[PDB]
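Take a look at the structure set out below.
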Amino acid sequence: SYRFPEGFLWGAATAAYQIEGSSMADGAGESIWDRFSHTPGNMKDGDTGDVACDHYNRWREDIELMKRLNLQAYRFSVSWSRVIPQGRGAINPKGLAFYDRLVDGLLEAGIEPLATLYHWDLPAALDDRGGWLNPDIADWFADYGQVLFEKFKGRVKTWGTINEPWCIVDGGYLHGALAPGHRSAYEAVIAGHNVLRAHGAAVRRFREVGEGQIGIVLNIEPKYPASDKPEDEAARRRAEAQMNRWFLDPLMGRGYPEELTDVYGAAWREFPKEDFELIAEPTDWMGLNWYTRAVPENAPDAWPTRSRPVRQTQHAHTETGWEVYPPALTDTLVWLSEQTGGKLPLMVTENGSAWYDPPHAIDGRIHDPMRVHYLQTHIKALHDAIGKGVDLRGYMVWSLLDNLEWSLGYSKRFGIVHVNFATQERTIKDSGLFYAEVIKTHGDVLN
Amino acid sequence: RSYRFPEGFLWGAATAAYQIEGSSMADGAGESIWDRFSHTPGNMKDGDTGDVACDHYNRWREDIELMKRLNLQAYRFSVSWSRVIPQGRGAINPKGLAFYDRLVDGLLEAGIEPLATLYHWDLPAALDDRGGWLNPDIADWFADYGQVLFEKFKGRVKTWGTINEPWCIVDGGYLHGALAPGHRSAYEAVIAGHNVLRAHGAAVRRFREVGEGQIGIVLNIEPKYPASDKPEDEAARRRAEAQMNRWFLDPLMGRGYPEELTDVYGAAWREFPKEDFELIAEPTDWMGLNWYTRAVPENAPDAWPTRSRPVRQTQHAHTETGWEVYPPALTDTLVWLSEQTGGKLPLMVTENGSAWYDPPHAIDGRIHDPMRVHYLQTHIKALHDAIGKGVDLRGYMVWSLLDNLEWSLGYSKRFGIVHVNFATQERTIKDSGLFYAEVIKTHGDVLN
Amino acid sequence: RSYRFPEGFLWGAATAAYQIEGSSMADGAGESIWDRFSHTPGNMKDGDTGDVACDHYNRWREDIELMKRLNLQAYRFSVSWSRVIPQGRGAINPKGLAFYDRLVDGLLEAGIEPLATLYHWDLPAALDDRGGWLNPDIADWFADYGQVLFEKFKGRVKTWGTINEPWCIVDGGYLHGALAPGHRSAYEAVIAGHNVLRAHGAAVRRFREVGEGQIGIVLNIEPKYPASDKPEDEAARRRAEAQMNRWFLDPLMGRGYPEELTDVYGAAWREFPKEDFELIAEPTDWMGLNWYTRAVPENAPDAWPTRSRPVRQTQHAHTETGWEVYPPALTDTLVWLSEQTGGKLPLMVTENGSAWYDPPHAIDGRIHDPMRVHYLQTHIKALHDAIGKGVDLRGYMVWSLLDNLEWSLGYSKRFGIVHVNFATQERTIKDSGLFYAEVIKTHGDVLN
Amino acid sequence: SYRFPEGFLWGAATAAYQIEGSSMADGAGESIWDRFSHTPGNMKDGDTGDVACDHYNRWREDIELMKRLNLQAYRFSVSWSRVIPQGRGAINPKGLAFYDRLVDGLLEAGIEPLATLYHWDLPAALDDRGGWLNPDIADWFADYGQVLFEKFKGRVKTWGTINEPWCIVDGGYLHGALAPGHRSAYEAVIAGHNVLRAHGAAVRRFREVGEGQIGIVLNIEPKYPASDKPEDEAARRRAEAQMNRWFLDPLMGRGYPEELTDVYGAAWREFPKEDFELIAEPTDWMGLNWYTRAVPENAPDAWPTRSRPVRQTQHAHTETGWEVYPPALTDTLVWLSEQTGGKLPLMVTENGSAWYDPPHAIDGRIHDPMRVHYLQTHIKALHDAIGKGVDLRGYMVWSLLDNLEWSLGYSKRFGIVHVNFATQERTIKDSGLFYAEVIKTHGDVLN
Ligand SMILES: OC[C@H]1O[C@@H](O)[C@H](O)[C@@H](O)[C@@H]1O
Ligand SMILES: OC[C@H]1O[C@@H](O)[C@H](O)[C@@H](O)[C@@H]1O
Ligand SMILES: OC[C@H]1O[C@@H](O)[C@H](O)[C@@H](O)[C@@H]1O
Ligand SMILES: OC[C@H]1O[C@@H](O)[C@H](O)[C@@H](O)[C@@H]1O
C-alpha cells in the first residue's frame, strides 16, 4: 500500500523571479537579477525574467489551475524588492498588495500558502551596500521578514526563511554563474556565514512578532562512493562537506565542518561564537529540496573542492543532466532525520525533473512520460522514507509552472503545467494530471 | 594632609536628557513616558514639565563654553531614546541622532571626554504601550537601541553607561508610582527590576559584538546604618539594605538575588530561569556610583513593602531634598563597593551633589551657595579618603552641571553648580562651580 | 394596569468571575490583573480580595439549586480568561475549561439558559505585561480566546457577550486608576478605549467564522440630566454624556467618536486609522444594557478631565453605593438606546439592581431588604413602560444573584438577591429574591 | 559570617526512657512504656528500654563525653515513675537521688541542666486511673512538678513541662503506635485537652514554689502546598490545624482551631472557659522541636485529617523517612516568633537526623557525613532566623546518644555519640566532633 499519513500535505512550488514578470511594475525596485539578466553572456539565449509566466497578472487563472490539480498547498516566494524597493525603508503598498490578494485568493480556494522570504532575488540597493558580504544584512532581512510576519499573521502559518543557501553562495559568490555573479572563495565563505546569520535573525524576529512555524530550506545532493580508493573517499567528503554539511551542521549547533578548512584554504575564516549562537536559533520545521545524487571522485584541478562527479551511465538523466535515482531520496531523507535527531518536522519543499517539452501544446496536451515516471518513483521513495520513521509532513512538486530556470533560461521545463511562453497559454501536462490523482487518492493510485 | 588626586583621575559634571533638553517633540522626536506623565495633572510639583527645561537642545554650545570655564575634563550626559528612535523600535530619526552627533563632536573639539548613558528614565511611550519594562522583549529592544549608538559614536564615545539607577526606575516607576510610568505594584516591581537587569546584560553583549571602549552600569547606593541595637531594627536595616542596595548589585556580581527580598516582596516575588542570571552577570569594564546620603532605618510594620523607615538624624545639616549631609558614609560606601566587586572593577562616582535654595535670578551677577560649596569640598575629601584605603576610583562627576528639572519635584530642587534662570534661560556660575573649577585646576591641591 | 411581559421575555440573574468564584489561581489557573491589584495595600476597602469571594468555583452546584428555587430562566456569567488560558495566549488549561463545561451542562440540565461573557475586567497578567489594552495585538489575542470558547460551547451557549462595560474598564482602569490595572492617564485611556472597541470587533468576526448563535457587547449607560439653564452647565452635561455614554456606542453604531471628546481629552486625543472603525462597527445580533442610576452634572472647571460633577438629588433615596434611585430614567435610557440603534438591534438589560445594608448573617433564616424589593418592583415596571414605548427588549438580568465582591469597594456593598454569609458561605434567599421569583413565575402579573 | 549572639546556649538532648535503662530498678515504679514495650507486636524487633544506653549506671562517663563535646547545656527528662513510683504519694529516695547526683555532676562540669518533667513515660498506676483522660492528672502532674521544683531549687533554672503534646496524644491515643496504645478520636480530644491543662497547672505550681524559667516544648512540622488543587489546600489546612495549631493556639489564648471541628467530627467537644484560662498561664520561654516539613495532599480514607504527605523525591530523606529541607526551619522559627508576638524567648530544644551507622566503630570512629551536613545546614538556618529578628536563645542537638527511638527501636540512630548496644561502648561520631567545633567557635567554623 502507498496511502500516506493523515494530514500529509500535497502541493506545488514556485519562485517570484521565475514566474512573476512585471519586475519594475507598480513601484517595485530593481533586484540583482534585473541587473544580471540584462547583462550579455549571463543568460542562455539572452532570456530574462521580464515576462516569465506573467504570473503577476495571471495569478487568478493560476489558482484555478491549482484547484484543478487538487493542490492542498502552494509554496511561493515574496519578491523583497517588490515589497521594499530599496531593501530598507519605505514599503511599496501596491507590491505588498499583490501578495495580499494572492494569499487571500489562496485561502478562499482552500489552499495552504507556504511563503519563502528569500529566493535569490536580493534588492540591488542592498547589493550596492555589499549584499550578503555585509553583516548588516542580518538586520535588513529581519526587518524585511517583520513586514511580512505582521502583514500575513494568521493567514500565512508556514514560513521558509532562506531557499537553498548553497545555491545562493556557490552560484552567486563562488563561481559567479548566478546573480550577483561574483567568483571568490573569500566572498563565498563570508556570504555563507551571513546567510546563516540572516536566517537566525529572521527566526528571532519571528519569535518576537510572528505567529506559526518557521524554518530554513536546504537542498541536499548525497555523495556516493566512486571507489574504495582513499583519495576518492577524501574527495567525497570534501564535496559532501562543501555542499551538504556547510549549512546543516552549524544550524544543528555542531559548528562548521572541518573539511571546509581544507576546501577553502586561505579563504577560510574563524567566526565569533555568538554568531553560531544566532545561527542555531531553534526552528519549527525544515524543508528539503531534492533532485538527484552525485558520485564524486578525486579531481586535483577542480576548484575548490578538488572533486568531480562520475557519470552514472546506467541510469536516465534529466535535461539538467541530473541522474535519475529514487532510492537516494529515501536515503537522504533518512540521513537528514538522523542529523536533526528525528525531532524536527521535515517537508520536501522541492522535487521534480526537467525533460524536453514542445513550446506549444499538441492538441491541448503535453505528453511527458518520463516526468510522470520520475514523479511516481520518487513519491514512492517518500513512502519508503516514512515507513522507516522519518517525520515527513508534506511534498511540494517543483514546479507548478514551466518557468525561468535562472541562468539556463526557459530551455529547462520543470512544470507539471506547461506554459507556452509565446502566448502565456497554460496546459496541464500528463504529469500534473497524474499528480492530481496522487493527491486525490492520497497515494493509493501508486498501488 | 595633602589631597592631590591620582594621575589621570577624571573630573567632570553630569546631566540627563529630559531634565535639561526641552524640545521634546522637536525634529521628529517621539513621545516618551515622561511627556505623558508630566502632562497628567497631580503628578508634578507646581505642574512643572520638561517641555522647556534648560533649553539645552538649542543652547548646547553655550553650555559647552560653560564646561570650558569650569575646566571640566568630562561631561556625562544621556541620550533620549525616543528622540533617536521615536517608536523605540524601527526607523531612526536622523535629526534627533544628528543632535547628539553635533554635541559629541563639539565636546571632543573642546577637549572634553563625553560619557554617554543609554537610559536615564525616558522610555519611549510606544514601548510602554507594549508593556515597557514588564515585557521581557525589552532586553532585545534596548540592545538594538544600544547598537545604534555604539556604531554611530564608535571611536568617539569610549565610556558608556547602560542604565542609570535601576532602583530609582523600578522603586519610583513601578513599586510606588511617584515616577513615570506611575505604576504601583510589587508584582510589577520585581519583574521590571529583572528585565532592567536583563536589558543591561543584553546591551553589554551587543557592545562586545559591535562596540568599542568600556561599558558599565550606574547604581545608586544609600548605606543603611543601625538605628539601635534592638534586633527588629537590625532586621529592618537588612530588609531596607537588601531592597535598595543589593537588589541589583548581587545578581550583577553573579550572586543571585538577596534572600531578604523573599520577605520584602512576599507573594509577589518570583523565581526566574537560570540563563537570565547568566545574561545579567555579563562582565563589565567599569561601574558608576551615584551617591548622595545615608539612611538610618528602624522597624516600621506598616511601611510597605520593606517595613522600615528612616530615623531623622537631627544632629546634621539636611538638603532641600531632605537628605542628611554625612561625608564619611561616602568613603565607607566606596570601600564597601570595592569589596562587593572584589577590587577588580574600576569605579567612578558618576553622580554626587546637593540641593539648596537659590533665588530664581542671579544677584549682581552671582549666586552664593556656601552650603553646596561645603558639601562639595567635604565629599571630595571623602573621595580622597576612599582612594587612600585602596579603592580603585577613576573619576568624579558633579550632579549637576545645571539647575534642572528634578523630575516629579520639578524646578524647586536646584542641584546645579551653574544657576539657571528658567524665566530667561540665563546661566550664572555659582560659587560651587567656581570652587569646583579650582579643585579641578589644582587637581585637588586647593583642599589641603 | 397590567404588567404582563412579552412572549419569550427572558428572566435571569447575573454574576462575574472574579466577583464570585474564588480559587483564582487554582487548578492551573493563571494570574490576573485583579490578583495583583487586590493584593496591593491601599487598593481595596478593608483589604478585601477575591481569593475566596462566594467560593463559587467549589459551590456552583448549590448555586444552581438556588437558581432553580428562584425560577431563573437565565444565568448570565463571565468566563475567567486566565483560568482558561493562564498566559492569555498559548496553551489551554483543561481543568479551567472543564469547570465552565460542567457549569454549562448543569445549567442546561436545569433548564436554565447560559449567557456567557468573554471579558469581565479580569485580563491575564501575562498579557498586561505585554501592554494590555494599550497593545493593539490584544484585538487578536481576545479573538483567539473567544474562539476557544465559541467552539467549546458551540450549540450549548447560544448568547454571547464580548466586553462588559468598556467605560468602567477604561475610565476606572486607565483614566483614574481606581480599578485594575490601576493606571492614571488620559493618553492611555484614549488608546485603551480604542483597543477595547477593536477587540470587540475582532471577536465578532471570529464568531462569524467559527461560532454559532447571537453575539453582542454590553454597555453601561448613566443618563445625564440638566442641572440648570446655565449654558456652561449644558456644556458640562454634554461633556459628561459624551465621555461616558457616547464614547463607545457612537463608533459601535458607525457614527465615529463624539466631537466633544476632542475637548475632554485635549492633547491626549488621537486620530486613528479609518479601517479600525470598519472593524469596530461589525454587525451584532443584540446589545446589553447595564443600568443603575442617572446623573445631574454641572460645570466643574477643576474636575479632570470632563470638567463636570454630579449634583446630589436629595429629593430621592440613594443606595449604599451612593446612586440616586430614579426608575423613570431607566425607561428614558432604554428609549434613548432604542433610538441610537435605530430600533433594529434587540436589547437586553444585562444588569440592574441595588446595594443596601444587610447584616453579615441571616436573622432567623431571613434577610429583610424592603428597599431592594422596592427598587426591583419599580424598575421592572419601568421596563414594561419602556416596552410600551417601542423598545425591543428581550430580557432582564438582576445584578446580582449573590452578594459578592464589589471590586475596589470590597464586600461592603451587597447587590445580591441571595445573601452570602462570608464567614460561613451560607446562602440565604433575601425577600427581594423571593419577590423576584414570584415576578418570574407570574411573568409580571404580580406587579398588577 | 555565622557567629551567634552572646549567651546563645549550645547543648544536647535525651529522654529518660530512651537512654536510662534500669526502668524499675532502685524502687522505680512501672511506667506505661514498661507495659507497652513488653507486649508483643508493639516494638520493632521486640526492642525494649530495659537496657538502652545503661545511662542510669554510666551517667558519669556520659558527662565526660559532654565535656569532650564542649556542651554548655544538657537537656534531659525526669522519669516520673522513678521519682514517684505510684505517680502520687510516696517519693522514691533513690530515684530522686539519681537525678540529684546527675544535676550536681553537671553543675560541677559547668554544664547547664535543662529539665523536662514529662517525656512520654506516665506511671502505670496513673494510666490505670485513666491517664491523660482523667482531668485530675492536671493536679497529679502539678504535685509531681512541685517535688522537682523544690528539690532542685537554685540548681535547675530552666524547666520544660510537657515534651511534644502532639506526639503524646496522636501517637498514644489517636493511632495507638505509642504507649498507652489507644486508638480513639474521642480520647485524643480529651487527652490533648488534659495535657494542656496539666501544663497550666504545673506552671501555676511553679509560680508558687519554684525558681527560674518555665515553659512548654512543642514539635512543629510546617505544611507546604502539594498543588493548586483546592481539595489539597483544604487538606493542608486540616493537617496544619491538627498538628501545628492544636496546642499553640489555646496556649496563646486563641482557643482551639476551627478546623478541628471538621477533623474530629462527633468526637470534638466544647470545654469550660476556666480550662482555657488555666491552659494560657503565662510562660517564660518556649521550646521548639523541629526536624522536617510535610507536603500534604487530600486523602479521604486517611483518618482523621483526610490528608497524606507527598514524597519530595528531589531532596534527601533520613532513615525515619523525613525530608531534609533546612529553609523550613527558618520559616517555622519566624512563624513561631509571630504566633508568640516576638515577646516569648524561644529555644530549639530538639533538632537532628537519623542515618545508618554500623553497630560498632571503625576504627574507633564513625563517619556520618550526612548527619554532619544536616547539622551545618540547619544550624546555618538558625542563624538566618536570628538575622530576621527571632528571639532564639539556644540549640539542643537530638540526640547526645544513639538511643531507643521508641516503637522503632534501636534501628534509628540520632546520636552525635555512637552507642554500641552490644558493649555499651561510646564513640564520638564525626557529627559530634563537628558540633564540638561549632560550640567552640560559637558558629565561626561555619564561616
Ligand atoms: O534548478 C531547478 C530548481 O532548483 C531548485 O533547487 C531551486 O530552488 C529552483 O529555483 C530551481 O528552479
Ligand atoms: O533624584 C535625584 C537625582 O539623583 C539621581 O537619582 C538621578 O540620576 C538624577 O537625575 C536625579 O535628579
Ligand atoms: O459597579 C457595580 C457593578 O457594575 C457592573 O456594571 C459590573 O458589571 C459589576 O461587576 C459591578 O459589580
Ligand atoms: O523521633 C525522634 C525524636 O523525636 C522527638 O521529637 C522526640 O522528643 C524524641 O523522643 C524522639 O526520639
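For the protein sequence lines, the chains are C, D, A and K, in the order given. In case it helps, the deposited numbering puts the first sequence at residues 8 to 454. In case it helps, the deposited numbering puts the second sequence at residues 7 to 454. In case it helps, the deposited numbering puts the third sequence at residues 7 to 454. In case it helps, the deposited numbering puts the fourth sequence at residues 8 to 454. Just so you know, even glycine gets a beta-carbon here, dropped at the ideal spot from N, CA and C.
task = Kindly list, in the order they appear in chain D, the residues whose Cβ is closer than 7 Å to that of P47 (chain A).
result = On the third sequence, position 41 is the one that residue 47 (chain A) refers to. Within 7 Å Cβ-Cβ: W310.
ask   = Does the count of Cβ pairs from the stretch 201-210 of chain D and the stretch 278-292 of chain D closer than 8 Å reach three?
value = Counting C-beta pairs with one atom in each stretch, the stretch 201-210 of chain D and the stretch 278-292 of chain D have three or more that are closer than 8 Å, which means they touch.
ask   = Taking just the CA atoms, how far does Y298 (chain D) sit from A19 (chain D)?
value = Along the second sequence, one-based indexing puts residue 19 (chain D) at 13. Along the second sequence, one-based indexing puts residue 298 (chain D) at 292. Taking the straight line from one Cα to the other gives about 15 Å.
request  = Say whether chain C places a C-beta atom closer than 7 Å to the C-beta of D143 (chain D).
outcome  = As a first step, residue 143 (chain D) must be located in the second sequence, where it is residue number 137. With respect to chain C, the C-beta atom of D143 (chain D) has a partner C-beta closer than 7 Å.
query = On the three-pair Cβ rule with 8 Å, is the stretch 413-426 of chain A touching the stretch 38-45 of chain K?
reply = No: the two stretches stay apart, fewer than three of their Cβ pairs being nearer than 8 Å.
request  = Answer yes or no: do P120 (chain D) and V163 (chain D) have a C-beta to C-beta separation smaller than 7 Å?
outcome  = Within the second sequence, the letter at position 114 stands for residue 120 (chain D). Within the second sequence, the letter at position 157 stands for residue 163 (chain D). In contact: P120 (chain D) and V163 (chain D) (Cβ atoms closer than 7 Å).
inquiry  = In whole angstroms, give me the CA-to-CA distance for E27 (chain A) and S84 (chain A).
reply    = Residue mapping note: residue 27 (chain A) aligns to position 21 of the third sequence, counting from 1. Residue mapping note: residue 84 (chain A) aligns to position 78 of the third sequence, counting from 1. For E27 (chain A) and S84 (chain A), the distance between alpha carbons rounds to 10 Å.
message = Within 8 Å, do at least three Cβ pairs link the stretch 205-217 of chain A to the stretch 68-80 of chain D?
response = A contact is defined here as three or more CB-CB pairs under 8 Å, and the stretch 68-80 of chain D fails this definition with respect to the stretch 205-217 of chain A.
query = Quick one: what's got a C-beta closer than 6 Å to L258 (chain K)'s C-beta in the same chain, skipping five residues either side?
reply = Translated into the one-based positions of the fourth sequence, residue 258 (chain K) becomes position 251. Closer than 6 Å at the Cβ level, and outside the excluded window around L258 (chain K), lies no residue.
task = Would you please verify whether the beta carbon of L140 (chain A) is less than 7 Å from any beta carbon of chain D?
result = Stepping through the third sequence from its first residue, residue 140 (chain A) is reached at position 134. Among the residues facing chain D, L140 (chain A) is included, as its CB has a counterpart in that chain under 7 Å away.
message = Here's a check: name, in chain order, each residue in its chain whose Cβ is nearer than 6 Å to the Cβ of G207 (chain A), leaving out the five neighbours to either side.
response = Mapped onto the third sequence, residue 207 (chain A) falls at position 201. The residues are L285, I286 and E288.
ask   = Does the beta carbon of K395 (chain K) come closer than 7 Å to any beta carbon on chain D?
value = Counting from 1 along the fourth sequence, the entry for residue 395 (chain K) is found at position 388. So, interface residue.
request  = Verify the contact flag: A22 (chain D), CB atom, against every heavy atom of ligand 2, threshold strictly below 6 Å.
outcome  = Residue numbering aside, residue 22 (chain D) sits at position 16 when the second sequence is read from its first letter. Answer for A22 (chain D): yes, Cβ within range of ligand 2.
inquiry  = Taking 6 Å as the cut-off, is the beta-carbon of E171 (chain C) closer than that to any non-hydrogen atom of ligand 1?
reply    = If you number the first sequence from 1, residue 171 (chain C) lands on position 164. Yes.
key: Backbone secondary structure at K51 (chain C) - three-state DSSP   = By one-based count along the first sequence, residue 51 (chain C) stands at place 44. Helix at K51 (chain C).
query = Taking C-beta to C-beta, are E304 (chain C) and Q319 (chain C) nearer than 7 Å?
reply = Translated into the one-based positions of the first sequence, residue 304 (chain C) becomes position 297. Translated into the one-based positions of the first sequence, residue 319 (chain C) becomes position 312. Judged by their CB atoms, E304 (chain C) and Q319 (chain C) are not nearer to each other than the 7 Å cut-off.
ask   = Looking at chain D, which residues of the stretch 273-290 of chain C have a Cβ within less than 8 Å of any of its Cβ atoms?
value = Residues passing the 8 Å Cβ filter: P279 and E281.
ask   = What residues of chain K sit near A241 (chain D), judged by a beta carbon separation below 8 Å?
value = To locate residue 241 (chain D), count along the second sequence from 1; it is residue 235. Neighbours of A241 (chain D) on chain K, chain order: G394, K395 and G396.
message = Looking only at its chain, what residues have a beta carbon closer than 6 Å to the beta carbon of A132 (chain K), apart from the 5 residues adjacent to it on each side?
response = As a position in the fourth sequence, residue 132 (chain K) is number 125, starting the count at 1. So the list reads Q93 and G94, once near-sequence residues are dropped.
Neighbourhood of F156 (chain A) by C-beta distance below 8 Å, restricted to the same chain and skipping five residues each side = For this step, residue 156 (chain A) is matched to residue 150 along the third sequence. Excluding sequence neighbours, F156 (chain A) sits near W166, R212, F213, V216, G217 and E218.
request  = With 7 Å as the threshold, decide whether the Cβ of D54 (chain D) is near any Cβ in chain A.
outcome  = Position 48 of the second sequence, counted from the first residue, corresponds to residue 54 (chain D). Not closer than 7 Å to any Cβ of chain A, the Cβ of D54 (chain D) fails to qualify, so no.
Ligand 1 heavy atom lying under 6 Å from the CB of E194 (chain D) = Mapped onto the second sequence, residue 194 (chain D) falls at position 188. Not under cutoff, so the answer is no.
request  = Please go through the same chain and pick out, in chain order, the residues whose beta-carbon is closer than 6 Å to the beta-carbon of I197 (chain K), but skip the five residues on each side of it.
outcome  = Taking the first residue of the fourth sequence as 1, we reach residue 197 (chain K) at position 190. Within the same chain, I197 (chain K) has close Cβ partners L140.
message = On the CB-based measure, 16 or more other CB atoms within 10 Å of its CB, does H189 (chain C) come out buried or exposed?
response = Within the first sequence, the letter at position 182 stands for residue 189 (chain C). Around the Cβ of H189 (chain C), a 10 Å sphere holds 16 or more other Cβ atoms; the residue is buried.
ask   = Cβ atoms of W405 (chain D) and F421 (chain D): under 7 Å apart, would you say?
value = In the second sequence, residue 421 (chain D) corresponds to position 415, counting from 1. In the second sequence, residue 405 (chain D) corresponds to position 399, counting from 1. For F421 (chain D) and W405 (chain D), yes; Cβs fall inside 7 Å.
request  = Write down the C-beta distance between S438 (chain D) and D375 (chain D) rounded to the nearest angstrom, noting that I regard them as a contact closer than 8 Å.
outcome  = The residue given as residue 438 (chain D) occupies position 432 in the second sequence. The residue given as residue 375 (chain D) occupies position 369 in the second sequence. So it is a contact: roughly 5 Å between Cβ atoms.
ask   = Got a sec: is the Cβ-Cβ distance from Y193 (chain D) to anything in chain A below 7 Å?
value = The residue labelled residue 193 (chain D) in the question sits at position 187 within the second sequence. Chain A, which has a Cβ nearer than 7 Å to the Cβ of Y193 (chain D), makes this yes.
ask   = Under 6 Å from any heavy atom of ligand 3, does the C-beta of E330 (chain A) make it?
value = Within the third sequence, numbered from 1, the residue matching residue 330 (chain A) stands at position 324. Short note on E330 (chain A): C-beta not closer than 6 Å to any heavy atom of ligand 3.
message = Check this for me: beta carbons of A274 (chain D) and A192 (chain D), under 7 Å apart or not?
response = For the purposes of this step, residue 274 (chain D) is identified with residue 268 of the second sequence, where counting begins at 1. For the purposes of this step, residue 192 (chain D) is identified with residue 186 of the second sequence, where counting begins at 1. Contact flag set, yes.
query = Quick one, which of A:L382, A:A361, A:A145 and A:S86 has its alpha-carbon nearest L129 (chain A)'s?
reply = Your numbering for residue 129 (chain A) matches position 123 in the third sequence. Sorting A:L382, A:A361, A:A145 and A:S86 by C-alpha distance to the C-alpha of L129 (chain A) places A:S86 at the top.
query = Would you say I91 (chain D) touches ligand 5, meaning its beta carbon is less than 6 Å from a heavy atom?
reply = By its list of ligands, the structure shown excludes ligand 5, since it contains just ligand 1, ligand 2, ligand 3 and ligand 4.
request  = Find the nearest neighbour of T434 (chain A) within the set A:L440, A:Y442 and A:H425, judged by alpha-carbon distance.
outcome  = Position 428 of the third sequence, counted from the first residue, corresponds to residue 434 (chain A). Checking every option, the nearest Cα to that of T434 (chain A) belongs to A:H425.
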